[PDB]
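**Q** Take a look at this one; I'll ask things after.
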Amino acid sequence: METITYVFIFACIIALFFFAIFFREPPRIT
Amino acid sequence: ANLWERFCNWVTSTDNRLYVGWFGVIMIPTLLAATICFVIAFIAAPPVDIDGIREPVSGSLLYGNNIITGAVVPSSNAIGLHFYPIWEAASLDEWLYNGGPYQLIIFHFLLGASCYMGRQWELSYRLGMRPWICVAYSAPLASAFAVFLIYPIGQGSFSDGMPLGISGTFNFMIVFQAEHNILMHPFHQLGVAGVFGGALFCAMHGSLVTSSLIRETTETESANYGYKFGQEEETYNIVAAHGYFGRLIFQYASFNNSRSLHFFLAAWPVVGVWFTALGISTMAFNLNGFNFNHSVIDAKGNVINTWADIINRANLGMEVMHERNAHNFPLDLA
Amino acid sequence: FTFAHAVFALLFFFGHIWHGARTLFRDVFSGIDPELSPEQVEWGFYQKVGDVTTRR
Amino acid sequence: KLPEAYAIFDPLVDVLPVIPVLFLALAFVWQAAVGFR
Amino acid sequence: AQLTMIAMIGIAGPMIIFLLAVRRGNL
Amino acid sequence: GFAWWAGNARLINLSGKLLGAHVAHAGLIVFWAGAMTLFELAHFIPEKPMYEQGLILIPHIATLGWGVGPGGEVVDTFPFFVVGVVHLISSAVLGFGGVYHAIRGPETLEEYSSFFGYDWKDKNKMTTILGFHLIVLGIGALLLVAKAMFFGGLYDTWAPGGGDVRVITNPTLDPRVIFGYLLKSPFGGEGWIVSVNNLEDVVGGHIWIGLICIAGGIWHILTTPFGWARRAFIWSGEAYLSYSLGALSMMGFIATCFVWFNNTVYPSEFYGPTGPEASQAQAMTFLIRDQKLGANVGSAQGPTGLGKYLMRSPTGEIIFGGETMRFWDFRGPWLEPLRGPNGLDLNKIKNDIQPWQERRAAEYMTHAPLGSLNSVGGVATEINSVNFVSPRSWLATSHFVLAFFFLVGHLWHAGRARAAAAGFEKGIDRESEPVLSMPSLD
Amino acid sequence: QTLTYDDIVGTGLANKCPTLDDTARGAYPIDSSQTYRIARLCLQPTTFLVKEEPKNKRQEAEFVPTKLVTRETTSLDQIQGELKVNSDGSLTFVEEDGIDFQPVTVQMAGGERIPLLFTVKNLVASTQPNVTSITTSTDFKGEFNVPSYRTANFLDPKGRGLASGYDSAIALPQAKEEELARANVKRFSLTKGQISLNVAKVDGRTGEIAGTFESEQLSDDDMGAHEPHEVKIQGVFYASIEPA
Amino acid sequence: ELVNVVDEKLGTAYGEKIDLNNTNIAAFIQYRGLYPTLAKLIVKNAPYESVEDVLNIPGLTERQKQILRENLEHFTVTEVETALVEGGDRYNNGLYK
Amino acid sequence: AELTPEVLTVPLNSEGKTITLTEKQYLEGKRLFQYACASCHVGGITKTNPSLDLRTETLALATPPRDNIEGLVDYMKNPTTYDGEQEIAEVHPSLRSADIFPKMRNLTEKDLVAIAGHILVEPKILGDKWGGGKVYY
Ligand code: CLA
Ligand code: CLA
Ligand code: CLA
Ligand code: CLA
Ligand code: HEC
Ligand SMILES: CC1=C(/C=C/C(C)=C/C=C/C(C)=C/C=C/C=C(C)/C=C/C=C(C)/C=C/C2=C(C)CCCC2(C)C)C(C)(C)CCC1
Ligand SMILES: CC1=C(/C=C/C(C)=C/C=C/C(C)=C/C=C/C=C(C)/C=C/C=C(C)/C=C/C2=C(C)CCCC2(C)C)C(C)(C)CCC1
Ligand SMILES: CC1=C(/C=C/C(C)=C/C=C/C(C)=C/C=C/C=C(C)/C=C/C=C(C)/C=C/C2=C(C)CCCC2(C)C)C(C)(C)CCC1
Ligand code: OEX
Ligand SMILES: [Cl-]
Ligand SMILES: [Cl-]
Ligand SMILES: [Fe+2]
């Protein structure tokens, strides 16, 4: 159960990376 | 319309959401290989005979580790500095027992990180920037080279390179202290000054700029909304900040040239971390930290201990205990 | 009990610092004056720091 | 030990190796004399 | 001692700057 | 537009003054080579191994056959003196030309003489200077050949009977051998070029390199760069500087590994034992001690189940046990007489170990390249007493540091040369900021 | 002609025993007035079989195949010893010395690692009565000793050992020790193995022989911690005989 | 029933004399004349059933015999302990300084 | 505490004659011990054979007794194994083997006395540390 938990959290962090990068608020100028 | 020239145009395009570039053509596959093998091994690799004595150490989650204790374990001392790719093993079973994954991951990663640094140069050129951000990154990069490649080369074995794990890291740094007295080495002292100072000046700079933000907002909104991305005016008042910091110390100990200031910020940690990477790289050839063991004795010749001799008692306890089954002869010469 | 209360005491020190800063500096919580002139932070102009009645 | 007939110069030779460092130092005296121009 | 020779040698360089700056030269 | 702290960049287009800097600096190198040799000589004590005395230059001279006899014993110190004095004397001449060209000579050369003057952007002229220097370098590598073959030979640690100076009469020319080294893996048991283990291959390699450099030099005098090279490179002084810094960096890293693993052109008699050597010598030492007491070192099982004295490598060879399992690629003249086809030969170990081998092992084990920065010898927990740091540790660490910084210098000057050639080394033009004419990423 | 170290190093051949020509079908006569030694005995395993656990009553498990994970580190070699002639014409080899053990670990299906001390230590192997010539039908059968895989200084991961180490589970200061007795008290085992060597080739000139061996012995019991497995080793051997 | 046999041995004469059947060779340095030469022979010819067996070691000169005689009282014999004699441990038991 | 004559007094020979060294002789002995001996014998141990050390009590039990100036001077001329049964000049530095141990070439008779004296004094100053090894650092 603890292995599943550790891997689950790590997997969520990788998915977050994907959204943080490709689905960020686009920076807009002025 | 030429096929190669179209591909060149895409590799080097500044319109890709992530820059690829020629350095990226090598970095992308090598880092993917190292990442995929690292994750698989961290979760499921079986125990590895790191020290060559048929005493395998369990690094992965499924074999009874947690995040803190887990590690991809370095390759067998029996291998030394020999190249140990998959195709040199009689089977994957053998390769796993002897620590093959560590070699795969660190070689792929060191290559991919090297190219990461070049990729930093390359896009700076495509954007018409100045080029030396990559020089800043060479400090962390040289540090990884030191603990994954240089120190193994000098000691003769990838089994003495840094495990890829949290407790493994601590094991490497305790044993380093017993074998090199790294704390009494001035290049590690400059590294601490580089990292302590970097954190100091990070906080200083952040706090001085934050302190002199120009009121653009009400108390119901984040002040961060007082700056709009790409506005031309500075958003704080460097003269008010120079006038505060010059008075906290004295005037000529404070920067009012923002270029000099940020160069100072770049250079202090980078140079400190160069030195500490050079410390590991030169303790790789056993030029160790200062030894003041029994340097003070009295008029009769009695030893008069100092704090260095107390350090030495601690170093001894690390020495005598580490790799407790691995030494047959009285000197740990490597 | 000792662990909890020692830790909470230390944290509450930062709270004292934070809210005390906010009380004494309420007038610039949102940012410094956009019309603060360089004569008030540069050395010499005022004999007493920040006091504009002591101009030389 | 040096040959017998140059023995006289022994304490000079103890100092010679350092001389290249002095050239580096000397560039900073020069620049001080012209005010780091 | 050796402290005689490194004193003599150590003063050569700065004495060159000194001569050239008092004789207003191409420094 | 350069500040005082970048002040030598003011010389980029002052070919005369820049010649003076290069030649004055050449004189400091030669001065150090001379002064330092005489310093080591004035301190040298022949009763003591070179490596107990802090010597790095005298070992290079002795390696070339001067001053030494059988076993590396020093027989004649005069060759060392001569090398020091001549280098010392010669640095005054370079000093002289140096400061003459930096202070008094014409500051630019191209008006005074079209042969000596150059433009960095002049690709023909640049490859011609390169060509001349390639020939000089080829001559130099042939001087090493000449010494080995016609002027007394070289010190040969592998020579039978303890090592000796030997004239090299059959230098290796077979390119499968010479270039075979270039293609060996740099990993353990292979060692790329660091594994060259005999002077025949050393000298033959230098015949090849001399001929290649002379041919390369003539090639570059007679040609100009092809268009594909014209379009690949930046053609500027700082760019050429950056190319050479990278090449010095590569070479510094190789020199580091050479002096650390190679005991042929860095004999252990002069430089001390290598790390692998010392560690092998510890196991040898205690094999001898224990066998003399009656131990059967072949059948003795250690705590782990592996042999206490002897085990197999991963490919089967009989090797020393304990942590030195990792150093079984080590080869040295004191150890090779015990090696049979399957690795260390148990019947030679039991019957044929000689007193000189026992002495040598004891010596190398107690002079392992381990020591503190203040030159206390041995492991880091050792007490004060022995004033020793191996010359190999000194030569390895120093050259690692220099190679590292020259790689930083390469990146510094390379990136800057690229930026200066494109015209944005001083910053981004506010009115033509490239990113403002690019479409947003998202 | 024969090979030098630099021909062999790195190839794997250093772990392989010498072979005889398939033409070596001679006979090595034995003179009872004479005494003989074995100058070199070489044993090269090719196959490691481990006996499984049937968990049930009348099934008696089988010997199953395993994968070697410790590489070309397996051969016993340079073994020497008395070769005697007995009253009844049997020959008895008595092992005196040699590289006569290797640690090996193999991996069973499922991932279980099985370490063993592959050895002939203290081998005494005898032939049938009335030999007089060693031939391509001579068999030696013998027994040998299998000491503990680890010797007495060996410390387990919590610092416990037999001749060194802690005597308790110091990370559990107030645990009940009865449960941990078997892990806390190290024991040094000493068991017997058996071996047959089958001579299949003989060089009557030189006195070299070669053939096939099968040995049975126990695996590591980790100083008493767990029960050993039973192991069967197959391989080839070489020996040269000398008038001693 | 699980007993540490090395601890058990320290409860015998092995824990107070040189045991000619078990003790590591470096102990023979505690008395004059015994190391290395006689120590070598004593260890090579073990086991002994009684302490005086050591006098019947072939090759002993009469000086050597005399030394043993003087030292018979620092000697004992107990049963060979496999754990102390395997691994070559009488020649090197992994203890230095 | 200080280097009193009491401590600089060591046995000259097996007959219990004594000899009182100077502070000078002792510092010379120490200097010469570091020059020619300490690469193996640092702190009174023996790196290449730890079972034999330079503790007075060990030397006293060597054959020829070596816990005195005479025994040690002789040892540096003609070293034997600990039972005296064989000469080991060829694997141990000594004046007899100064062809193969060249640091021994320039040692005078007075130097040998100083080295011997150093070895016999030091355990009076340092006690258990002398020859005790890393446990006592
Ligand atoms: C063949 C080698 C070589 C050459 C010819 C040059 C030449 C040049 N460099 Mg490059 N450089 C090199 C190697 C080299 N560099 C290396 C290896 C690095 C990485 C460390 C750099 C990093 C570098 C930077 C960061 C910069 C240059 C710059 C320049 C130009 C001005 C340099 C100057 O005026 O220095 C003047 C000399 C000094 C200010 C003195 C520096 C003193 C050093 C740091 C300390 C040495 C102390 C020593 C270790 C021991 C002291 C002991 C004590 C007693 C004093 C010039 C074209 C500048 C440039 O871009 O020009 C366009 C610039 O900004 N260089
Ligand atoms: C190897 C070290 C080295 C070398 C060879 C040079 C060489 C040079 N530099 Mg650089 N420089 C260096 C280090 C070095 N520099 C460092 C470390 C710094 C940072 C502090 C600088 C900063 C710097 C600046 C800021 C400038 C130079 C300039 C110059 C050139 C003209 C200097 C001049 O007019 O001198 C004038 C000085 C004197 C007249 C005083 C006397 C100097 C002499 C040569 C001392 C030699 C004494 C010696 C013992 C005599 C032996 C003679 C015997 C053999 C006969 C010259 C080619 C200048 C340049 O590029 O011009 C455009 C310039 O502006 N340099
Ligand atoms: C590579 C270094 C170098 C370079 C490129 C130059 C280049 C130049 N120098 Mg300079 N010079 C140098 C080193 C250098 N010099 C040195 C080392 C000294 C001191 C000895 C001088 C002293 C000097 C003076 C005093 C003058 C020049 C002048 C000149 C110019 C014309 C020289 C001429 O007509 O050739 C003359 C050609 C010969 C004499 C042919 C003989 C060949 C040489 C001397 C022998 C070979 C040496 C060998 C290859 C290496 C040394 C051996 C050693 C390893 C043992 C030219 C731009 C002149 C100038 O600038 O006036 C405006 C001038 O007046 N030079
Ligand atoms: C100091 C040495 C030096 C330098 C700086 C140059 C510089 C140059 N040469 Mg010359 N060259 C030299 C020596 C040198 N040469 C010698 C000795 C010879 C005779 C054999 C030649 C023969 C030569 C020819 C025949 C040609 C040049 C050309 C050129 C130009 C293009 C070089 C290029 O792009 O290479 C960069 C290299 C490549 C693009 C591909 C090869 C990459 C190597 C093999 C990969 C190895 C990397 C690996 C990690 C390193 C380890 C060792 C390796 C063997 C395993 C350039 C001006 C060209 C030109 O325009 O001439 C007019 C040309 O065609 N050179
Ligand atoms: C290693 C290279 C050594 C050096 C250098 C010196 N000694 Fe040594 N010593 C060494 C060994 C291996 C031994 C044991 C010899 C044996 O019996 O097998 C010794 C012994 C001594 C002794 C006798 C110690 C004892 O307990 O009886 C003495 C007194 C001694 N060595 C002195 C000595 C001196 C004075 C040295 C400097 C000149 C010296 N040794 C160098 C190893 C080495
Ligand atoms: C070989 C020989 C010789 C030669 C010599 C020479 C060559 C010399 C040189 C010399 C030199 C070359 C010298 C120089 C010197 C220098 C110095 C002495 C310096 C110092 C400096 C300082 C001290 C600094 C300071 C400062 C400044 C200025 C500024 C900034 C800050 C500071 C503080 C850093 C002779 C003749 C003798 C003869 C014999 C032999
Ligand atoms: C330009 C410049 C610079 C630089 C400079 C230089 C670098 C120079 C060099 C110089 C040099 C480099 C010099 C040299 C000199 C030398 C000499 C002058 C020598 C002499 C010698 C002698 C005299 C000898 C003697 C002897 C003998 C014979 C024997 C033995 C002993 C004796 C040693 C005594 C600077 C930076 C500063 C500044 C700026 C400018
Ligand atoms: C002497 C000797 C020898 C020999 C040696 C030789 C013969 C060598 C050679 C070597 C060589 C033959 C070298 C090589 C080099 C190469 C390199 C180092 C290259 C580089 C490259 C580059 C750098 C490139 C880059 C680029 C790219 C990739 C792309 C485009 C751009 C550019 C062009 C930039 C021996 C060992 C036997 C022994 C000892 C002695
Ligand atoms: O593996 Mn990791 O650690 Ca460098 O020393 Mn020797 O080896 Mn082992 O012991 Mn201490
Ligand atoms: Cl550990
Ligand atoms: Cl070991
Ligand atoms: Fe900022």
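Following the order of the structure tokens, first chain is A, next is B, and so on, with residues numbered from 1 inside each chain and ligands from 1 in the order they appear.
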Neighbours of ligand 2 within 6 Å, counting only C-alpha atoms and all ligand atoms, as a PyMOL selection string?

**A** (chain D and resi 24+27-28) or (chain E and resi 17+26-27) or (chain F and resi 4-5+7-8+10-11+17-18+20-21+24-25+92+95-96+99+102-103)

**Q** Within 10 Å of ligand 6, counting only C-alpha atoms and all ligand atoms: which residues, as an NGL selection string?

**A** (:D and (9 or 12-13 or 15-33 or 35-36)) or (:E and (5-17)) or (:F and (28 or 31-32 or 34-35 or 88-89 or 91-92 or 95))

**Q** Take the residues from that selection and write them out as a short mmCIF file (atom, residue, chain, number, x, y, z; two decimals), in the first residue's frame, keeping C-alpha atoms.

**A**
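Result went into out-v9.cif, see below:
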```cif
data_model
loop_
_atom_site.label_atom_id
_atom_site.label_comp_id
_atom_site.auth_asym_id
_atom_site.auth_seq_id
_atom_site.Cartn_x
_atom_site.Cartn_y
_atom_site.Cartn_z
CA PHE D 9 73.81 31.40 -4.76
CA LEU D 12 68.84 33.26 -4.27
CA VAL D 13 67.62 30.01 -5.89
CA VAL D 15 63.42 32.59 -4.00
CA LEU D 16 63.67 32.44 -7.80
CA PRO D 17 60.61 30.22 -8.46
CA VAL D 18 58.31 32.79 -6.90
CA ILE D 19 59.36 35.55 -9.32
CA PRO D 20 56.61 34.89 -11.91
CA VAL D 21 53.99 35.57 -9.23
CA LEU D 22 55.56 38.99 -8.67
CA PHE D 23 54.86 39.87 -12.32
CA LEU D 24 51.13 39.44 -11.64
CA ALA D 25 51.37 41.65 -8.52
CA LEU D 26 53.39 44.16 -10.53
CA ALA D 27 50.51 44.66 -12.99
CA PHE D 28 48.37 45.83 -10.08
CA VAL D 29 50.98 48.33 -8.89
CA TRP D 30 51.15 49.62 -12.46
CA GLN D 31 47.36 49.95 -12.65
CA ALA D 32 47.29 51.67 -9.25
CA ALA D 33 49.89 54.14 -10.58
CA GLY D 35 44.36 54.79 -11.51
CA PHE D 36 42.89 51.67 -13.16
CA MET E 5 67.34 38.53 -1.76
CA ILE E 6 63.55 38.47 -1.97
CA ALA E 7 63.57 42.00 -0.54
CA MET E 8 66.02 43.13 -3.24
CA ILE E 9 64.09 41.34 -6.02
CA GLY E 10 60.70 42.39 -4.63
CA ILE E 11 61.63 46.08 -4.84
CA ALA E 12 62.77 46.00 -8.50
CA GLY E 13 59.31 45.99 -10.04
CA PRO E 14 57.80 48.83 -7.99
CA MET E 15 60.96 50.89 -8.34
CA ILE E 16 60.41 50.74 -12.14
CA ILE E 17 56.91 52.22 -11.79
CA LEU F 28 57.76 33.46 -17.80
CA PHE F 31 61.77 31.20 -16.39
CA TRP F 32 59.58 29.01 -14.19
CA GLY F 34 64.46 26.99 -15.17
CA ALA F 35 64.10 28.52 -11.70
CA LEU F 88 66.74 30.26 -16.95
CA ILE F 89 69.17 31.96 -19.35
CA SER F 91 63.96 33.48 -20.49
CA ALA F 92 65.98 36.72 -20.45
CA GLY F 95 61.83 38.60 -21.67
#
```

**Q** Would you return as number ranges by chain the members of chain A that DSSP assigns to alpha helix (DSSP H) on this structure's backbone?

**A** A: 2-22

**Q** Please dump the current selection as a PDB file, in the first residue's frame; keep C-alpha atoms.

**A**
```pdb
ATOM      1  CA  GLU A   2       2.891   2.336   0.713  1.00  0.00           C
ATOM      2  CA  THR A   3       4.544   1.581  -2.630  1.00  0.00           C
ATOM      3  CA  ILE A   4       1.289   2.407  -4.396  1.00  0.00           C
ATOM      4  CA  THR A   5       1.065   5.650  -2.426  1.00  0.00           C
ATOM      5  CA  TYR A   6       4.605   6.771  -3.200  1.00  0.00           C
ATOM      6  CA  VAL A   7       4.207   6.083  -6.874  1.00  0.00           C
ATOM      7  CA  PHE A   8       0.798   7.676  -7.022  1.00  0.00           C
ATOM      8  CA  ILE A   9       2.085  10.985  -5.626  1.00  0.00           C
ATOM      9  CA  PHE A  10       5.067  10.979  -7.991  1.00  0.00           C
ATOM     10  CA  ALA A  11       2.728  10.335 -10.918  1.00  0.00           C
ATOM     11  CA  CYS A  12       0.524  13.309  -9.902  1.00  0.00           C
ATOM     12  CA  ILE A  13       3.614  15.549  -9.822  1.00  0.00           C
ATOM     13  CA  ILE A  14       4.485  14.467 -13.367  1.00  0.00           C
ATOM     14  CA  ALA A  15       0.952  15.171 -14.562  1.00  0.00           C
ATOM     15  CA  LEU A  16       1.091  18.579 -12.888  1.00  0.00           C
ATOM     16  CA  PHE A  17       4.317  19.331 -14.789  1.00  0.00           C
ATOM     17  CA  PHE A  18       2.486  18.682 -18.048  1.00  0.00           C
ATOM     18  CA  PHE A  19      -0.349  21.092 -17.181  1.00  0.00           C
ATOM     19  CA  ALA A  20       1.928  23.695 -15.681  1.00  0.00           C
ATOM     20  CA  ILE A  21       3.899  23.799 -18.968  1.00  0.00           C
ATOM     21  CA  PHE A  22       1.382  23.316 -21.760  1.00  0.00           C
TER      22      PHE A  22
END
```

**Q** Return as a PyMOL selection string the residues of protein, DNA or RNA that approach ligand 10 to within 12 Å, with only C-alpha atoms and all ligand atoms taken into account.

**A** (chain B and resi 50-51+55+57+159-160+162-163+167-179+317-327) or (chain G and resi 157+159)

**Q** Let's have the selection written as a short mmCIF file (atom, residue, chain, number, x, y, z; two decimals), in the first residue's frame, with C-alpha atoms.

**A**
```
data_model
loop_
_atom_site.label_atom_id
_atom_site.label_comp_id
_atom_site.auth_asym_id
_atom_site.auth_seq_id
_atom_site.Cartn_x
_atom_site.Cartn_y
_atom_site.Cartn_z
CA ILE B 50 27.51 -2.51 -4.79
CA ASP B 51 30.74 -3.43 -3.02
CA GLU B 55 26.34 -8.62 -0.10
CA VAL B 57 21.93 -3.86 -1.05
CA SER B 159 30.95 1.71 -6.62
CA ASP B 160 32.31 4.80 -4.84
CA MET B 162 27.22 8.85 -5.38
CA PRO B 163 24.15 6.61 -5.07
CA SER B 167 19.98 8.06 2.15
CA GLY B 168 22.54 6.91 -0.44
CA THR B 169 23.63 10.55 -0.79
CA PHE B 170 24.15 10.80 2.99
CA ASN B 171 26.17 7.57 2.97
CA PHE B 172 28.40 9.02 0.31
CA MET B 173 28.93 12.22 2.25
CA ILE B 174 29.72 10.50 5.59
CA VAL B 175 32.22 8.16 3.96
CA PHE B 176 33.77 11.10 2.05
CA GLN B 177 34.39 12.81 5.38
CA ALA B 178 36.12 9.76 6.87
CA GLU B 179 38.35 9.27 3.79
CA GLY B 317 34.28 5.78 13.74
CA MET B 318 33.03 6.29 10.22
CA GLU B 319 36.21 4.74 8.85
CA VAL B 320 36.19 1.61 10.93
CA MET B 321 32.53 0.88 10.33
CA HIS B 322 31.95 1.62 6.67
CA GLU B 323 31.77 -1.28 4.26
CA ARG B 324 32.35 -3.41 7.34
CA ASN B 325 32.89 -6.69 5.49
CA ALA B 326 34.92 -5.37 2.56
CA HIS B 327 38.46 -4.82 3.89
CA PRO G 157 23.42 -5.43 8.10
CA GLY G 159 26.13 -5.30 12.96
#
```

**Q** Given a cut-off of 9 Å, what residues near ligand 12 show up using only C-alpha atoms and all ligand atoms, put as a list in words?

**A**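 Selection of residues at most 9 Å from ligand 12: residues 205, 206, 209, 258, 261, 262 and 265 of chain B.
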
**Q** Which value, in Å to one decimal, gives the distance between atom 9 (N, counted along the ligand's line) of ligand 3 and atom CA of residue F:245?

**A**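 Rounded to one decimal, the two atoms are 25.8 Å apart.
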
**Q** Using only C-alpha atoms and all ligand atoms, which residues have at least one atom no more than 8 Å from ligand 11? Output them as number ranges by chain.

**A** B: 326-332; F: 283, 321-324

**Q** If you keep N, CA and C atoms, can you produce a file of those selected residues as a PDB file, in the first residue's frame?

**A**
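Result file again-v9.pdb:
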```
ATOM      1  N   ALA B 326      34.322  -5.514   3.882  1.00  0.00           N
ATOM      2  CA  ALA B 326      34.921  -5.368   2.564  1.00  0.00           C
ATOM      3  C   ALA B 326      36.441  -5.248   2.587  1.00  0.00           C
ATOM      4  N   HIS B 327      37.043  -5.113   3.766  1.00  0.00           N
ATOM      5  CA  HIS B 327      38.457  -4.819   3.891  1.00  0.00           C
ATOM      6  C   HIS B 327      39.147  -5.986   4.578  1.00  0.00           C
ATOM      7  N   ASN B 328      40.219  -6.498   3.957  1.00  0.00           N
ATOM      8  CA  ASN B 328      40.952  -7.625   4.519  1.00  0.00           C
ATOM      9  C   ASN B 328      42.277  -7.189   5.074  1.00  0.00           C
ATOM     10  N   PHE B 329      42.719  -6.004   4.713  1.00  0.00           N
ATOM     11  CA  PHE B 329      44.058  -5.519   4.980  1.00  0.00           C
ATOM     12  C   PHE B 329      43.946  -4.162   5.667  1.00  0.00           C
ATOM     13  N   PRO B 330      44.986  -3.741   6.396  1.00  0.00           N
ATOM     14  CA  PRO B 330      44.801  -2.723   7.442  1.00  0.00           C
ATOM     15  C   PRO B 330      44.630  -1.276   6.971  1.00  0.00           C
ATOM     16  N   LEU B 331      44.870  -0.955   5.708  1.00  0.00           N
ATOM     17  CA  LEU B 331      44.751   0.401   5.198  1.00  0.00           C
ATOM     18  C   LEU B 331      43.692   0.457   4.119  1.00  0.00           C
ATOM     19  N   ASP B 332      42.767   1.387   4.246  1.00  0.00           N
ATOM     20  CA  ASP B 332      41.761   1.604   3.229  1.00  0.00           C
ATOM     21  C   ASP B 332      42.390   2.621   2.297  1.00  0.00           C
TER      22      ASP B 332
ATOM     23  N   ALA F 283      47.969  -5.710  -0.885  1.00  0.00           N
ATOM     24  CA  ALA F 283      47.533  -7.099  -0.856  1.00  0.00           C
ATOM     25  C   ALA F 283      48.729  -8.013  -1.060  1.00  0.00           C
ATOM     26  N   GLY F 321      42.516 -10.155  -3.787  1.00  0.00           N
ATOM     27  CA  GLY F 321      41.256  -9.937  -3.099  1.00  0.00           C
ATOM     28  C   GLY F 321      41.182  -8.689  -2.204  1.00  0.00           C
ATOM     29  N   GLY F 322      40.021  -8.530  -1.547  1.00  0.00           N
ATOM     30  CA  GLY F 322      39.742  -7.294  -0.828  1.00  0.00           C
ATOM     31  C   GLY F 322      39.311  -6.220  -1.807  1.00  0.00           C
ATOM     32  N   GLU F 323      39.249  -4.981  -1.309  1.00  0.00           N
ATOM     33  CA  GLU F 323      38.742  -3.880  -2.114  1.00  0.00           C
ATOM     34  C   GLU F 323      39.545  -3.676  -3.383  1.00  0.00           C
ATOM     35  N   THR F 324      40.790  -4.129  -3.408  1.00  0.00           N
ATOM     36  CA  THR F 324      41.638  -3.952  -4.578  1.00  0.00           C
ATOM     37  C   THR F 324      41.195  -4.830  -5.759  1.00  0.00           C
TER      38      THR F 324
END
```

**Q** Quick one: residues within 9 Å of ligand 3, with only C-alpha atoms and all ligand atoms, as a ChimeraX atom specification?

**A** /F:15-16,19-20,22-24,27,86-87,90-98,100-101,104-110,112-113,115-117,136

**Q** Between atom CA of residue I:37 and atom 3 (C, counted along the ligand's line) of ligand 5, what distance in Å does the model show, to one decimal?

**A**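 Pair atom CA of residue I:37 / atom 3 (C, counted along the ligand's line) of ligand 5 returns 6.1 Å.
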
**Q** What is the atom CA of residue B:281-atom CA of residue B:150 distance in Å, reported with one decimal?

**A**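 Separation of atom CA of residue B:281 and atom CA of residue B:150: 5.8 Å.
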
**Q** Please, which residues of chain B lie no more than 12 Å from chain A when the count uses only C-alpha atoms, and can they be set out as a list in words?

**A**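 The answer, sorted by residue number, is residues 16, 17, 18, 39, 40, 42, 43, 44, 60, 61, 62, 63, 64, 65, 66, 67, 68, 70, 226, 227, 228, 229, 230, 231, 232 and 233 of chain B.
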
**Q** For ligand 4, collect every residue having any atom at a distance of at most 6 Å from a ligand atom (counting only C-alpha atoms and all ligand atoms); output as a list in words.

**A** residues 182, 183, 212, 213, 215, 216, 223, 224, 225, 226 and 229 of chain F

**Q** How would you report the residues lying within 7 Å of ligand 5, as an MDAnalysis selection string, if you count only C-alpha atoms and all ligand atoms?

**A** (chainID F and resid 362:363) or (chainID I and resid 33 36:41 46 48:49 52:54 58:59 62 66 72 75:76 80:82 92:94 104 115:116)

**Q** Compute the set of chain F residues within 6 Å of chain B, using only C-alpha atoms, and express it as a ChimeraX atom specification.

**A** /F:187-188,279,304,322,325-326,370-374,380-381,383-384,393,397,415,425,441

**Q** Taking only C-alpha atoms and all ligand atoms and a cut-off of 8 Å, can you tell me which residues surround ligand 8, written as JSON, numbers by chain?

**A** {"F": [141, 177, 178, 179, 180, 181, 182, 193, 194, 196, 201, 202, 203, 204, 205, 206, 207, 208, 209, 229, 232, 233, 243, 247]}
